Amino acid sequence: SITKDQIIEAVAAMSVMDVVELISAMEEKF
Amino acid sequence: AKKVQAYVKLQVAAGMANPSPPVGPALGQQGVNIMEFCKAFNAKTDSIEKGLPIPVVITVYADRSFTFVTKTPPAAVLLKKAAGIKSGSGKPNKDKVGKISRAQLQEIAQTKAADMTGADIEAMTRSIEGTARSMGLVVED
Amino acid sequence: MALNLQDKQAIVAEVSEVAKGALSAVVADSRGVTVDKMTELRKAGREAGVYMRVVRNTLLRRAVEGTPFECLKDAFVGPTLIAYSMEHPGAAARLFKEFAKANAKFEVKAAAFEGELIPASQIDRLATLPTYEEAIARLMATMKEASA
């Protein structure tokens with residue numbers, strides 16, 4: 001996909017957003 | 001330190017580590033070296049301050065030499081040069097004689113942050129209450 | 001000791017930690033010194049302060065009286081001497097880690113760490129933990145994926 005369109009948001013975001021999110025990025029791939 | 005072995009604390013002095021009538025010999029004579037507390041102590045003395053009360057522990061087995069540790073000052077004593085009167089009564093404590101500084105007791109206690117159990121630094125204060133109601137000297141809170 | 005009016009508080013308090021908690025560990029303190037507690041309270045200290053406990057209670061009759069609530073995986077821990085540890089905030093964290101590292105400094109047994117509850121199961125030291133915030137291990141997974 002568009003890499004810059006996924007860096008501008010992928011350096012600036014919230015907290016508990018991530019806390020219920022990256023216990024699972026590990027799942028689709030790895 | 002996960003194993004104690006030998007410790008005697010008899011509050012020394014900074015400006016010159018070389019006593020004789022108070023401590024002197026009796027601070028080092030059972031595998032301890034009188035020559036090295038003026039080579040080593042004063043190496044940890046001048047970074048801070050000099051003259052006033054210093055309890056202390058050393059690392060002497062029967063291994064000739066050693067390495068010196070530091071400590072902390074007495075807490076009811078920070079109510080002498082850190083309060084007012086230097087005794088504690090005068091009228092035996094059948095009379096409630098002393099007198100306090102409420103402002104102090106926290107930051108003057110806080111100076112002893114490295115040797116107390118209270119998580120809450122406010123708790124570390126509540127200890128100093130009794131430590132400073134040691135006579136029945138009321139604090140003008 | 002105290003009557004019931006007090007055996008009830010040690011419950012209603014201790015079980016609302018389970019009902020409102022995070023992780024659970026294990027440990028048997030046969031020889032539990034006090035330099036022991038001193039330390040682990042600074043650890044609770046780092047691990048907030050007083051967010052943590054360990055209230056020795058392994059009277060099945062107590063910290064199981066908090067189990068047929070949640071964590072009925074502990075009808076089996078509660079026998080013999082035990083030192084129950086609950087987490088409120090914090091990652092499902094490091095709590096785990098130093099208990100093994102502590103007791104592996106002699107610091108008495110660890111019940112072989114009979115283990116506990118996050119899942120609903122048993123033993124095995126994991127640092128699958130406080131990497132937590134190692135979402136950076138998914139930040140480096142960005143540029144390195146984009147480049148390489």
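- Regarding how it was determined, this PDB entry cites cryo-EM in its header, along with a resolution of 3.9 Å.

Focus: the overall build of chain A
Then step 1. In terms of helices and strands, chain A carries two helices and zero strands.
Then step 2. For chain A, the C-alpha atoms occupy an extent of roughly 25 × 20 × 10 Å along the three principal directions.
Then step 3. Among the 30 residues that make up chain A, the fraction classed as buried is 0%.
Then step 4. Accessible surface computed for chain A: about 3,000 Å², of which carbon and sulfur atoms make up 63%.

A closer look at the packing of aromatic side chains
Then step 1. Counted by the stated rule, this structure contains one aromatic pair over all chains.
Then step 2. Ring centres 4.4 Å apart and planes at 10° place the aromatic pair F37 of chain B and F41 of chain B in the stacked group. For the residue pair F37 of chain B and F41 of chain B, the accessibility class agrees, reading buried in each case.
Then step 3. Note that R125 of chain C overlies the ring of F96 of chain C, its terminal NZ or CZ placed 4.4 Å from the centroid.
Then step 4. One cation-aromatic arrangement involves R125 of chain C over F113 of chain C; the distance from NZ or CZ to the ring centre is 5.8 Å.

Re the arrangement of the chains
Then step 1. Looking across the two pairs of chains in contact, one finds the most contacts between chains A and C.
Then step 2. One finds no contact between chain A and chain B; the C-alpha atoms of the two approach each other to within 28 Å at their closest.

Focus on helix α3 (residues 34–46) of chain C
All names here are of chain C.
Then step 1. The end-to-end C-alpha distance of α3 is 18 Å, a good match for the 18 Å that 13 residues give at a rise of 1.5 Å each.
Then step 2. Those residues of α3 lying buried are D36, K43 and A44. Buried residues in α3, looked at end-on, bunch into an arc of 100°, giving them a common side. Of the exposed residues in α3, those oriented more than 90 degrees away from the buried face are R42 and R46.
Then step 3. Buried residues belonging to α3 abut α5 (95–103).

A word on the environment of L105 of chain B
Residue and element names in this part refer to chain B.
Then step 1. Along the chain, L105 falls in the loop between β2 (67–68) and α1 (107–110).
Then step 2. Accessibility expressed as a relative area gives 17% for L105, which makes it buried.
Then step 3. Once the C-alpha coordinates of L105 and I128 are considered, the two residues, 23 residues apart in sequence, prove to be 6.5 Å apart.
Then step 4. Beyond its immediate sequence surroundings of up to four residues, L105 is in contact with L79, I100, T125, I128, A132 and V139.

So, the pattern of salt bridges
Then step 1. Considering all chains together, one arrives at three salt bridges over all chains under this definition.
Then step 2. The partner of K50 of chain B in a salt bridge is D46 of chain B, with the nearest N and O atoms 3.6 Å apart.
Then step 3. Here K43 of chain C and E98 of chain C are joined by a salt bridge, their closest N and O atoms 2.2 Å apart. Of this pair, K43 of chain C sits in helix α3 while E98 of chain C sits in helix α5, and the two are 55 residues apart along the sequence.
Then step 4. The buried category is assigned to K43 of chain C, whose relative accessible area is 16%.
Then step 5. Judged by its relative accessible area of 25%, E98 of chain C is partly exposed.

Observations regarding unusual backbone geometry
Residue and element names in this part refer to chain C.
Then step 1. Look at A111: it is not a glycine, yet its phi comes out positive at around 65°.
Then step 2. Position of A111 relative to the elements: it lies in the loop between α5 and α6 (140–147).
Then step 3. One non-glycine residue, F113, lies in the positive phi region at around 50°.
Then step 4. In this fold, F113 is placed in the loop between α5 and α6.

The rules behind each value
- Residues numbered from 1 in each chain as written, not as in the entry; some residues may be left out.
- Chains lettered and ligands numbered in written order.
- Part of a larger assembly, values for the part shown.
- Heavy atoms only, no water.
- Helix = DSSP H or I, 4+ residues; strand = E, 2+ residues; numbered from the N terminus.
- Buried < 20%, exposed > 50% of the residue type's maximum accessible area, 1.4 Å probe, protein only.
- Areas by Shrake-Rupley, 256 points an atom, 1.4 Å probe, with all protein chains shown as cover.
- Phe/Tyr/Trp six-rings, centres within 6.5 Å; stacked < 30°, edge-to-face > 60°.
- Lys NZ or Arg CZ within 6 Å of the ring centre and 35° of its normal.
- Contact = heavy atoms within 4.5 Å.
- Expected span 1.5 Å × (residues − 1).
- Arc of directions from axis to C-beta.
- Salt bridge = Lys/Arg side-chain N within 4 Å of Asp/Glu carboxyl O.

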